[PDB]
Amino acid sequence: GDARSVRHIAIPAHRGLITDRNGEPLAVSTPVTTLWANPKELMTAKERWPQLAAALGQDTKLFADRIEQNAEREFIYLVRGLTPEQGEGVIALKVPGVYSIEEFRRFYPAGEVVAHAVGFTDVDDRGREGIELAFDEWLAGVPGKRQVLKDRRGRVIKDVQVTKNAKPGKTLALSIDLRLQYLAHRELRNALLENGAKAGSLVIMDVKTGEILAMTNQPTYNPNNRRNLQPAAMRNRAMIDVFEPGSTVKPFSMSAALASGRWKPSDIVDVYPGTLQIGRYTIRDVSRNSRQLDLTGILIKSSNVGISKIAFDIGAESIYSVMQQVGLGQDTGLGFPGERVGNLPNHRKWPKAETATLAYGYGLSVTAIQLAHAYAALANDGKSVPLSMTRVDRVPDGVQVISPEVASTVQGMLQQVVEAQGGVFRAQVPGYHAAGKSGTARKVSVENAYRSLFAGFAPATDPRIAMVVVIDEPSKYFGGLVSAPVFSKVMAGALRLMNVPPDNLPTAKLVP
């Protein structure tokens, strides 16, 4: 039939390393040794089989069955992906017909801690989820090709000849700081356990560079062992899940009020009796023991009524404009697999009820990433630096989306939300002035179910990082009792890790 045969073999390309921003390995192509066999040669050395089988960790008779059943094939795999050292002891047995191929297997040194961001490759070493998928072309490289001239009995007579070399993939350095990532991962997980919550997300970003410094979710999974992996655990919820932001968008409503020319911080709004009726609907505050609140007090008490009255006065168009311009419900440009854009509703003419509900964050849907980016722009004196999941060496120009004077005023109000009497004191960061806003969003007709939110930034004197904590369905639940302490603990550790000077460790009690 055939005197010879020409078999073609690909030379595997070394897949690009993924590191965090400091060069810590997050995805590594590690060398592995695959053993294959020519059964026609192996069948001439049967008395070596029990020793070979032992070296492979395989049952003597099952190994023998496998060879005998494939006795005519010129090629079977004995085992793929042993360690180089395990392969080295088998090669030393010098069994006829047993040969080795070096290939690579992806290893994820941080495991579940950064699994949602990094993703993973399939058995064919192709990116399937996360960054591995999004940057697959960058990471993959260009494999080579060999030619093997084989026998009529499958024995490779002519030594392989290399057609094309293997071109390695490119290194990729993420924006993530693995130190902050571990801190965020451990504090979110502990908070979930303490609160009996179903899921959660935590985003940390650099307000000055747009970099995503940490992005963790629960549940998570071990990418190095995906046996019994369930779909819910795979979700990078910070990017691919949407939620109503509720009270956490009130600083943007307040930004529109101050940009309107119609409102100044010392203005007061009468929110008594803690409710406001619009047709058949009643807007309700949680704490309903207030009458006059100034604009800062409306944020401290989180008065839906107060922000609603302001929204009626200034018009929803101005609030829509700020929310759109800080990115809520807008494409982020990151291109993360499955990333959601959410929804910021718009109208030619805004009905009165929807003007109020926009202003306190009902009925729009955002991602944790978007909410964090919005807070980063506010923290950065109103200038939005573009998002990045990769290390930023040369920072692109930002876009001024809130005037610096309005941004600075709203920043001070959010510092009061954390530090003033009656505010979110469990969000305070010891040694630092922190600023932010809690939220609690009921999942309407979705039976005693809520999300607890906190969004903020620090240090208030020169903001460095913005943070969003989302805790999904705690079993207690308020934003200020559930997500606020997580913000405090993670913000304190992250500021320390970044060597940020404390701006609230005075040694003297000053007066005023």
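The first residue of the sequence shown is number 1, and the count goes up from there. Think of the rigid core as the biggest set of C-alphas that the two forms share within 1.5 Å after superposition.
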Practice item. Could you say which moves further from this form in 7 other deposited structures of this protein, stretch 82-90 or stretch 359-367, by root mean square CA distance after aligning on the core? Key: 82-90
Review point. Hey, after superposing on the core, which one moves around more in 7 other deposited structures of this protein, 91-99 or 209-217, CA-wise?
Key: 91-99
Check your understanding: Is residue 59 missing in a third or more of the other PDB entries that were compared?
Key -> no
Point to revise | residue 477 dropped in a third or more of the other entries | key: yes
Review point. In the deposited sequence, how many residues between residue 476 and residue 477 have no modelled coordinates (none, 1 to 3, 4 to 9, 10 or more)?
Key: 1 to 3
Check your understanding: Which class describes the count of deposited residues lacking coordinates between residue 446 and residue 447: none, 1 to 3, 4 to 9, or 10 or more?
Key -> 4 to 9
Study note, to complete from the structure: When mean C-alpha B-factors in the record are compared for 413-421 and 140-148, the larger belongs to 140-148
Practice item. Quick one: say whether 162-170 or 199-207 has the higher mean Cα B-factor in the deposited entry. Key: 162-170
Study note, to complete from the structure: From the entry's CA B-factor values, the highest among 215, 98, 387, 233 is 98
Check your understanding: Of the options 372, 401, 427, 90, which has the highest CA B factor as deposited?
Key -> 90
Check your understanding: Of the three thirds of its chain by CA temperature factor, lowest, middle or highest, which one includes residue 441?
Key -> middle
Check your understanding: Hey, what third does residue 266 fall into on Cα B-factor, ranked over its chain?
Key -> middle
Study note, to complete from the structure: Binned into thirds over the chain's modelled residues, the C-alpha B-factor of residue 18 lands in the middle
Study note, to complete from the structure: Chain-relative C-alpha B factor for residue 464 (record values, thirds): the lowest
Practice item. Taking the values exactly as deposited, rank residue 273 by C-alpha B-factor within its chain and report the matching third: lowest, middle or highest. Key: lowest
